[PDB]
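Participant: Here you go, one structure.
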Amino acid sequence: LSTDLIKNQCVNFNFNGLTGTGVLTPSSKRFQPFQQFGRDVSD
Amino acid sequence: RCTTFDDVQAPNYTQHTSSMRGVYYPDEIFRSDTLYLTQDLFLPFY
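Chains as they are written, first to last, in the authors' numbering: chain A, 515 to 557; chain B, 18 to 63.
Written out as structure tokens, the structure reads:
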């Protein structure tokens, strides 16, 4: 299904292909229009 | 109507050197301020 987006709260999220627990918050990382998600200096 | 041509010359196959071209984005991952080793299909330098 599809739910609302809970921010600034530890939630168990499931985006299209990405799962895990964490805290969601907006950001200013300039994705290119063909970049679905990002990664850290680790993996 | 598929039409051939009358006097097509044979191709020349002349040689040139590709210095630093053919580099592309191998995936759809945003990465910032980092070096990253890929193993993929690339046009090799020179």
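Even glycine gets a Cβ: it sits at the ideal position worked out from N, Cα and C.
(1) Name, please, each residue of chain A whose Cβ falls closer than 7 Å to the Cβ of residue 51/B.
(2) Helix, strand or coil for residue 526/A? Go by DSSP, reduced to three states.
(3) Is DSSP giving residue 510/A helix, strand or coil here?
(4) Should residue 543/A be flagged as near chain B, meaning a C-beta pair shorter than 8 Å?
(5) Can you check which of these residues, 550/A, 545/A, 555/A and 557/A, is closest to residue 531/A by C-alpha distance?
Facilitator: So, from the data block:
(1) Position 34 of the second sequence, counted from the first residue, corresponds to residue 51/B. The answer, in chain order, is 555.
(2) Here residue 526/A is taken as the residue at index 12 of the first sequence, counted from 1. Assigned with DSSP and collapsed to three states, residue 526/A falls in strand.
(3) Nothing in the structure corresponds to residue 510/A, since chain A is present only between 515 and 557.
(4) Your numbering for residue 543/A matches position 29 in the first sequence. Answer yes: the Cβ-Cβ gap between residue 543/A and chain B drops below 8 Å somewhere.
(5) Indexing the first sequence from 1 puts residue 531/A at position 17. The residue from 550/A, 545/A, 555/A and 557/A with its alpha-carbon nearest to that of residue 531/A is 550/A.
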